[PDB]
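K.L.:
Submitted below is the structure of interest, expressed as structure tokens.
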Amino acid sequence: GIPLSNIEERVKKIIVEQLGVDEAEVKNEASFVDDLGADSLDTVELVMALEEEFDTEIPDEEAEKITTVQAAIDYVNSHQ
């Protein structure tokens, strides 16, 4: 299993490399477009990055449901 301390830095790292802002400002309850104010491109970027880095199974379906930080962090954290 993977410690939440790892996923936290991991997920945040990507979100930072994709957007380019401070991982801190990125709220967990907030979304990628809701608060972040990003576009569909951002969300999709995080999705692929997850199934690429975390090697998780995030298909179109799971990709449509996972469009928020809390949602993403929840999925990965749940799929240890």
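Order determines the names: the first chain of the structure tokens is A, the second B, and so forth; residues in each chain are numbered 1 upward, and ligands are numbered 1 upward as they are shown.
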Could you name the residues that touch region 48-56 of chain A at 10 Å or less, counting only C-alpha atoms, but leaving out those on the same chain fewer than 3 positions away, as a list in words?
P.N.:
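Returned residues: residues 7, 10, 11, 14, 15, 18, 43, 44, 45, 59, 63, 72, 73, 75, 76, 79 and 80 of chain A.
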K.L.:
Write to file, as a PDB file, in the first residue's frame, the residues of the selection just made, with N, CA, C and O atoms.
P.N.:
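Generated file (result_8.pdb):
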```
ATOM      1  N   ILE A   7       0.870  10.101  -1.929  1.00  0.00           N
ATOM      2  CA  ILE A   7      -0.139  10.503  -2.900  1.00  0.00           C
ATOM      3  C   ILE A   7      -0.352  12.013  -2.878  1.00  0.00           C
ATOM      4  O   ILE A   7      -0.515  12.642  -3.923  1.00  0.00           O
ATOM      5  N   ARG A  10       2.462  13.614  -4.626  1.00  0.00           N
ATOM      6  CA  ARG A  10       2.383  13.174  -6.013  1.00  0.00           C
ATOM      7  C   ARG A  10       1.309  13.950  -6.770  1.00  0.00           C
ATOM      8  O   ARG A  10       1.604  14.675  -7.720  1.00  0.00           O
ATOM      9  N   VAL A  11       0.060  13.790  -6.343  1.00  0.00           N
ATOM     10  CA  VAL A  11      -1.059  14.475  -6.978  1.00  0.00           C
ATOM     11  C   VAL A  11      -0.781  15.968  -7.118  1.00  0.00           C
ATOM     12  O   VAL A  11      -0.953  16.545  -8.191  1.00  0.00           O
ATOM     13  N   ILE A  14       1.884  16.897  -9.869  1.00  0.00           N
ATOM     14  CA  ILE A  14       1.330  16.923 -11.217  1.00  0.00           C
ATOM     15  C   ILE A  14       0.510  18.188 -11.450  1.00  0.00           C
ATOM     16  O   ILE A  14       0.754  18.930 -12.403  1.00  0.00           O
ATOM     17  N   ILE A  15      -0.459  18.428 -10.575  1.00  0.00           N
ATOM     18  CA  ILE A  15      -1.311  19.606 -10.684  1.00  0.00           C
ATOM     19  C   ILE A  15      -0.480  20.876 -10.831  1.00  0.00           C
ATOM     20  O   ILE A  15      -0.906  21.841 -11.464  1.00  0.00           O
ATOM     21  N   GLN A  18       1.152  20.844 -14.382  1.00  0.00           N
ATOM     22  CA  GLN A  18       0.139  21.062 -15.407  1.00  0.00           C
ATOM     23  C   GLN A  18      -0.307  22.520 -15.430  1.00  0.00           C
ATOM     24  O   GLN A  18      -0.355  23.150 -16.488  1.00  0.00           O
ATOM     25  N   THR A  43      -8.442  19.335 -16.496  1.00  0.00           N
ATOM     26  CA  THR A  43      -8.999  18.107 -15.944  1.00  0.00           C
ATOM     27  C   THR A  43      -8.452  16.882 -16.670  1.00  0.00           C
ATOM     28  O   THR A  43      -7.891  15.979 -16.048  1.00  0.00           O
ATOM     29  N   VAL A  44      -8.618  16.858 -17.988  1.00  0.00           N
ATOM     30  CA  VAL A  44      -8.139  15.744 -18.798  1.00  0.00           C
ATOM     31  C   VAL A  44      -6.654  15.492 -18.562  1.00  0.00           C
ATOM     32  O   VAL A  44      -6.208  14.346 -18.517  1.00  0.00           O
ATOM     33  N   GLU A  45      -5.893  16.572 -18.413  1.00  0.00           N
ATOM     34  CA  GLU A  45      -4.456  16.467 -18.184  1.00  0.00           C
ATOM     35  C   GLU A  45      -4.165  15.677 -16.910  1.00  0.00           C
ATOM     36  O   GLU A  45      -3.308  14.794 -16.897  1.00  0.00           O
ATOM     37  N   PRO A  59     -10.582   5.269 -17.119  1.00  0.00           N
ATOM     38  CA  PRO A  59     -11.148   5.342 -18.468  1.00  0.00           C
ATOM     39  C   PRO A  59     -12.026   6.574 -18.665  1.00  0.00           C
ATOM     40  O   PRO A  59     -12.062   7.463 -17.813  1.00  0.00           O
ATOM     41  N   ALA A  63     -13.155   9.101 -15.922  1.00  0.00           N
ATOM     42  CA  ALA A  63     -12.584  10.397 -16.267  1.00  0.00           C
ATOM     43  C   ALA A  63     -13.645  11.492 -16.232  1.00  0.00           C
ATOM     44  O   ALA A  63     -13.339  12.656 -15.981  1.00  0.00           O
ATOM     45  N   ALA A  72     -10.448  13.274  -7.492  1.00  0.00           N
ATOM     46  CA  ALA A  72      -9.218  12.638  -7.950  1.00  0.00           C
ATOM     47  C   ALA A  72      -8.447  12.030  -6.783  1.00  0.00           C
ATOM     48  O   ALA A  72      -8.144  10.837  -6.781  1.00  0.00           O
ATOM     49  N   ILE A  73      -8.133  12.859  -5.793  1.00  0.00           N
ATOM     50  CA  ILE A  73      -7.397  12.402  -4.620  1.00  0.00           C
ATOM     51  C   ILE A  73      -8.097  11.220  -3.957  1.00  0.00           C
ATOM     52  O   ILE A  73      -7.449  10.335  -3.398  1.00  0.00           O
ATOM     53  N   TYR A  75     -10.123   8.921  -5.530  1.00  0.00           N
ATOM     54  CA  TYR A  75      -9.966   7.748  -6.383  1.00  0.00           C
ATOM     55  C   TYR A  75      -8.609   7.089  -6.159  1.00  0.00           C
ATOM     56  O   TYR A  75      -8.528   5.931  -5.747  1.00  0.00           O
ATOM     57  N   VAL A  76      -7.544   7.835  -6.433  1.00  0.00           N
ATOM     58  CA  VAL A  76      -6.189   7.325  -6.261  1.00  0.00           C
ATOM     59  C   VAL A  76      -5.985   6.770  -4.855  1.00  0.00           C
ATOM     60  O   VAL A  76      -5.533   5.638  -4.684  1.00  0.00           O
ATOM     61  N   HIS A  79      -7.574   3.634  -4.571  1.00  0.00           N
ATOM     62  CA  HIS A  79      -6.963   2.600  -5.399  1.00  0.00           C
ATOM     63  C   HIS A  79      -5.469   2.486  -5.109  1.00  0.00           C
ATOM     64  O   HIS A  79      -4.637   2.749  -5.977  1.00  0.00           O
ATOM     65  N   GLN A  80      -5.137   2.090  -3.885  1.00  0.00           N
ATOM     66  CA  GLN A  80      -3.743   1.943  -3.481  1.00  0.00           C
ATOM     67  C   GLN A  80      -3.156   0.642  -4.020  1.00  0.00           C
ATOM     68  O   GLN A  80      -3.853  -0.366  -4.134  1.00  0.00           O
TER      69      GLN A  80
END
```
K.L.:
Quick one: pick out all alpha helix (DSSP H) residues within chain A from a backbone DSSP run and write them as an mmCIF file with N, CA and C atoms, in the first residue's frame.
P.N.:
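And here is the file that came out, states19.cif:
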```cif
data_model
loop_
_atom_site.group_PDB
_atom_site.id
_atom_site.type_symbol
_atom_site.label_atom_id
_atom_site.label_comp_id
_atom_site.auth_asym_id
_atom_site.auth_seq_id
_atom_site.Cartn_x
_atom_site.Cartn_y
_atom_site.Cartn_z
ATOM 1 N N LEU A 4 -0.686 8.078 2.427
ATOM 2 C CA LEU A 4 -1.325 9.304 1.963
ATOM 3 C C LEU A 4 -0.301 10.424 1.802
ATOM 4 N N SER A 5 0.796 10.327 2.545
ATOM 5 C CA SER A 5 1.851 11.332 2.487
ATOM 6 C C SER A 5 2.517 11.340 1.113
ATOM 7 N N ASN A 6 2.465 10.201 0.430
ATOM 8 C CA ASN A 6 3.063 10.076 -0.894
ATOM 9 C C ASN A 6 2.109 10.579 -1.972
ATOM 10 N N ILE A 7 0.870 10.101 -1.929
ATOM 11 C CA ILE A 7 -0.139 10.503 -2.900
ATOM 12 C C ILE A 7 -0.352 12.013 -2.878
ATOM 13 N N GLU A 8 -0.347 12.588 -1.679
ATOM 14 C CA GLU A 8 -0.539 14.024 -1.522
ATOM 15 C C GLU A 8 0.488 14.803 -2.337
ATOM 16 N N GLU A 9 1.765 14.511 -2.106
ATOM 17 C CA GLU A 9 2.844 15.184 -2.818
ATOM 18 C C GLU A 9 2.799 14.859 -4.308
ATOM 19 N N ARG A 10 2.462 13.614 -4.626
ATOM 20 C CA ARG A 10 2.383 13.174 -6.013
ATOM 21 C C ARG A 10 1.309 13.950 -6.770
ATOM 22 N N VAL A 11 0.060 13.790 -6.343
ATOM 23 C CA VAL A 11 -1.059 14.475 -6.978
ATOM 24 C C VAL A 11 -0.781 15.968 -7.118
ATOM 25 N N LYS A 12 -0.352 16.589 -6.025
ATOM 26 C CA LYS A 12 -0.049 18.015 -6.023
ATOM 27 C C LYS A 12 1.040 18.341 -7.041
ATOM 28 N N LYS A 13 2.083 17.519 -7.069
ATOM 29 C CA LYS A 13 3.190 17.716 -7.997
ATOM 30 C C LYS A 13 2.681 17.864 -9.426
ATOM 31 N N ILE A 14 1.884 16.897 -9.869
ATOM 32 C CA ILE A 14 1.330 16.923 -11.217
ATOM 33 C C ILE A 14 0.510 18.188 -11.450
ATOM 34 N N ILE A 15 -0.459 18.428 -10.575
ATOM 35 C CA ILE A 15 -1.311 19.606 -10.684
ATOM 36 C C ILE A 15 -0.480 20.876 -10.831
ATOM 37 N N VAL A 16 0.712 20.867 -10.241
ATOM 38 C CA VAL A 16 1.606 22.017 -10.309
ATOM 39 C C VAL A 16 2.327 22.074 -11.651
ATOM 40 N N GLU A 17 2.694 20.906 -12.170
ATOM 41 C CA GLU A 17 3.391 20.825 -13.448
ATOM 42 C C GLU A 17 2.437 21.100 -14.607
ATOM 43 N N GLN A 18 1.152 20.844 -14.382
ATOM 44 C CA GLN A 18 0.139 21.062 -15.407
ATOM 45 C C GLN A 18 -0.307 22.520 -15.430
ATOM 46 N N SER A 40 -11.387 22.381 -19.570
ATOM 47 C CA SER A 40 -11.499 20.938 -19.749
ATOM 48 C C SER A 40 -10.126 20.309 -19.964
ATOM 49 N N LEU A 41 -9.223 21.069 -20.572
ATOM 50 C CA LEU A 41 -7.871 20.588 -20.838
ATOM 51 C C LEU A 41 -7.157 20.224 -19.541
ATOM 52 N N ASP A 42 -7.312 21.071 -18.529
ATOM 53 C CA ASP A 42 -6.686 20.837 -17.233
ATOM 54 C C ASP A 42 -7.132 19.502 -16.646
ATOM 55 N N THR A 43 -8.442 19.335 -16.496
ATOM 56 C CA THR A 43 -8.999 18.107 -15.944
ATOM 57 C C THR A 43 -8.452 16.882 -16.670
ATOM 58 N N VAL A 44 -8.618 16.858 -17.988
ATOM 59 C CA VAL A 44 -8.139 15.744 -18.798
ATOM 60 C C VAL A 44 -6.654 15.492 -18.562
ATOM 61 N N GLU A 45 -5.893 16.572 -18.413
ATOM 62 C CA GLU A 45 -4.456 16.467 -18.184
ATOM 63 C C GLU A 45 -4.165 15.677 -16.910
ATOM 64 N N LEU A 46 -4.885 16.002 -15.842
ATOM 65 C CA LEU A 46 -4.705 15.323 -14.563
ATOM 66 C C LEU A 46 -5.108 13.856 -14.665
ATOM 67 N N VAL A 47 -6.178 13.591 -15.406
ATOM 68 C CA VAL A 47 -6.665 12.228 -15.585
ATOM 69 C C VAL A 47 -5.581 11.330 -16.171
ATOM 70 N N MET A 48 -5.086 11.698 -17.349
ATOM 71 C CA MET A 48 -4.044 10.927 -18.015
ATOM 72 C C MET A 48 -2.812 10.796 -17.126
ATOM 73 N N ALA A 49 -2.432 11.896 -16.484
ATOM 74 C CA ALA A 49 -1.271 11.903 -15.602
ATOM 75 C C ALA A 49 -1.417 10.866 -14.494
ATOM 76 N N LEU A 50 -2.645 10.677 -14.026
ATOM 77 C CA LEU A 50 -2.920 9.714 -12.965
ATOM 78 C C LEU A 50 -2.747 8.284 -13.469
ATOM 79 N N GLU A 51 -3.436 7.959 -14.559
ATOM 80 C CA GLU A 51 -3.358 6.625 -15.142
ATOM 81 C C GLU A 51 -1.964 6.359 -15.706
ATOM 82 N N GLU A 52 -1.170 7.418 -15.828
ATOM 83 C CA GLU A 52 0.184 7.299 -16.356
ATOM 84 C C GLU A 52 1.196 7.134 -15.226
ATOM 85 N N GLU A 53 1.095 7.996 -14.219
ATOM 86 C CA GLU A 53 2.002 7.947 -13.078
ATOM 87 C C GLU A 53 1.557 6.887 -12.075
ATOM 88 N N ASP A 60 -12.731 6.619 -19.789
ATOM 89 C CA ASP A 60 -13.610 7.742 -20.095
ATOM 90 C C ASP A 60 -14.613 7.970 -18.969
ATOM 91 N N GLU A 61 -15.280 6.898 -18.551
ATOM 92 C CA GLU A 61 -16.268 6.983 -17.482
ATOM 93 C C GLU A 61 -15.659 7.598 -16.225
ATOM 94 N N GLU A 62 -14.681 6.906 -15.648
ATOM 95 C CA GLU A 62 -14.017 7.383 -14.442
ATOM 96 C C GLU A 62 -13.419 8.770 -14.662
ATOM 97 N N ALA A 63 -13.155 9.101 -15.922
ATOM 98 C CA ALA A 63 -12.584 10.397 -16.267
ATOM 99 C C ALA A 63 -13.645 11.492 -16.232
ATOM 100 N N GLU A 64 -14.892 11.108 -16.484
ATOM 101 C CA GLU A 64 -15.998 12.059 -16.483
ATOM 102 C C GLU A 64 -16.446 12.370 -15.057
ATOM 103 N N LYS A 65 -16.276 11.401 -14.165
ATOM 104 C CA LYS A 65 -16.660 11.569 -12.768
ATOM 105 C C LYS A 65 -15.547 12.248 -11.976
ATOM 106 N N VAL A 69 -10.569 17.980 -7.526
ATOM 107 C CA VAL A 69 -9.452 17.579 -6.680
ATOM 108 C C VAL A 69 -9.860 16.465 -5.721
ATOM 109 N N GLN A 70 -10.838 16.755 -4.868
ATOM 110 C CA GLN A 70 -11.320 15.777 -3.900
ATOM 111 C C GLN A 70 -11.663 14.457 -4.584
ATOM 112 N N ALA A 71 -12.283 14.547 -5.756
ATOM 113 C CA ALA A 71 -12.663 13.361 -6.511
ATOM 114 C C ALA A 71 -11.435 12.570 -6.948
ATOM 115 N N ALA A 72 -10.448 13.274 -7.492
ATOM 116 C CA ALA A 72 -9.218 12.638 -7.950
ATOM 117 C C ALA A 72 -8.447 12.030 -6.783
ATOM 118 N N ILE A 73 -8.133 12.859 -5.793
ATOM 119 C CA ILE A 73 -7.397 12.402 -4.620
ATOM 120 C C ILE A 73 -8.097 11.220 -3.957
ATOM 121 N N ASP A 74 -9.423 11.212 -4.026
ATOM 122 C CA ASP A 74 -10.213 10.139 -3.435
ATOM 123 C C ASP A 74 -10.025 8.837 -4.207
ATOM 124 N N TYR A 75 -10.123 8.921 -5.530
ATOM 125 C CA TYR A 75 -9.966 7.748 -6.383
ATOM 126 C C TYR A 75 -8.609 7.089 -6.159
ATOM 127 N N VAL A 76 -7.544 7.835 -6.433
ATOM 128 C CA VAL A 76 -6.189 7.325 -6.261
ATOM 129 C C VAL A 76 -5.985 6.770 -4.855
ATOM 130 N N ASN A 77 -6.322 7.574 -3.853
ATOM 131 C CA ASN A 77 -6.176 7.164 -2.461
ATOM 132 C C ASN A 77 -6.946 5.875 -2.190
ATOM 133 N N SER A 78 -8.059 5.697 -2.897
ATOM 134 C CA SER A 78 -8.888 4.509 -2.731
ATOM 135 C C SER A 78 -8.308 3.330 -3.506
#
```
K.L.:
A:2, A:21, A:66, A:58: which is nearest residue 36 (chain A), counting only C-alpha atoms?
P.N.:
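So, comparing all the options, the nearest one is A:21.
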